[PDB]
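Residue numbers for the sequence shown follow our numbering, beginning at 1193 and rising by one.
C-beta atoms are modelled at their ideal positions from N, C-alpha and C, and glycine is treated no differently.
Worksheet: one structure, shown below.
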Amino acid sequence: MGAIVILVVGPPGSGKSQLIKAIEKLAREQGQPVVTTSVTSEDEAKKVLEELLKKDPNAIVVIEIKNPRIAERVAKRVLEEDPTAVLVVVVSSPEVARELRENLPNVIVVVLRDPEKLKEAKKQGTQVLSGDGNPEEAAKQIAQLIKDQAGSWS
Ligand SMILES: [N+]
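Below you can see the structure in the form of structure tokens.
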């Protein structure tokens, strides 16, 4: 099918590790292998992606990003390394999400509050899903969105 790459973007305290735990658990239940990596710089991402996303592995790769400022370059690096990867960016801030949407043609999702900033994000194509603070629902919602817009997830 191809690689599904999920960037999970947000500062410490955004729910990333719990969201990632829920995504891994649901994926195991569906018989799909998931691997995770946490990156702090664009080259770290290059290093791990150039090793891992070698031959469009049929796998889910989750990338944890604690520094939202690097998200865009890491997203671009993913596409550079594997132009045949599905890329889903789960972002904590609606403002970051809007900025990433403007700079990429990639699925960008917010589960997370300010109604005005959220509307602005959605206007640039940010997708909103229920399950902020409920990792299990969130994981379910993300998997449904990937199925409907990207493929089986198998
Ligand atoms: N919200």
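C-alpha distance - residue 1294 paired with residue 1316, whole-angstrom precision = 6 Å
Is residue 1289 close to chain D, meaning its C-beta is less than 8 Å from at least one C-beta of that chain?
-> In summary, chain D is missing from the structure at hand, where a single protein chain is found.
According to DSSP, what are the bridge partners of residue 1229?
-> 1255
Nonlocal neighbours in the same chain, by C-beta distance under 8 Å from residue 1260, ignoring five residues either side | 1201, 1202, 1203, 1283, 1284, 1285, 1288
Range of the contiguous beta strand (DSSP E) that encloses residue 1281 = 1277-1283
Status (buried if at least 16 other CB within 10 Å, exposed otherwise) for residue 1350 | There is no way to answer for residue 1350, as the model of the chain reaches only from 1193 to 1346.
Can you name the start and end residues of the alpha helix (DSSP H) that residue 1351 belongs to?
-> For the chain, the structure presents residues 1193 to 1346; residue 1351 sits outside this window and is missing.
Is residue 1277 closer than 8 Å to residue 1245 when the C-beta atoms are compared?
-> yes
State whether the region 1328-1335 contacts the region 1211-1221, with contact taken as three or more CB pairs (one from each stretch) at a distance under 8 Å.
-> yes
Same chain only: Cβ atoms within 6 Å of residue 1229, ignoring 5 sequence neighbours per side | 1240, 1255
Compare the Cα-Cα distances from residue 1258 to each of 1297, 1290, 1206, 1222 and report the closest residue.
-> 1206
So residue 1330 is in the alpha helix (DSSP H); what residue range does that whole segment cover?
-> 1327-1341
Since residue 1195 and residue 1251 are thought to touch, with beta carbons under 8 Å apart, how far apart are those beta carbons, to the nearest angstrom?
-> 6 Å
So what does DSSP say about residue 1320, is it helix, strand or coil?
-> strand
Own chain partners of residue 1213 with C-beta closer than 8 Å, once the 5 adjacent residues on each side are dropped = 1327
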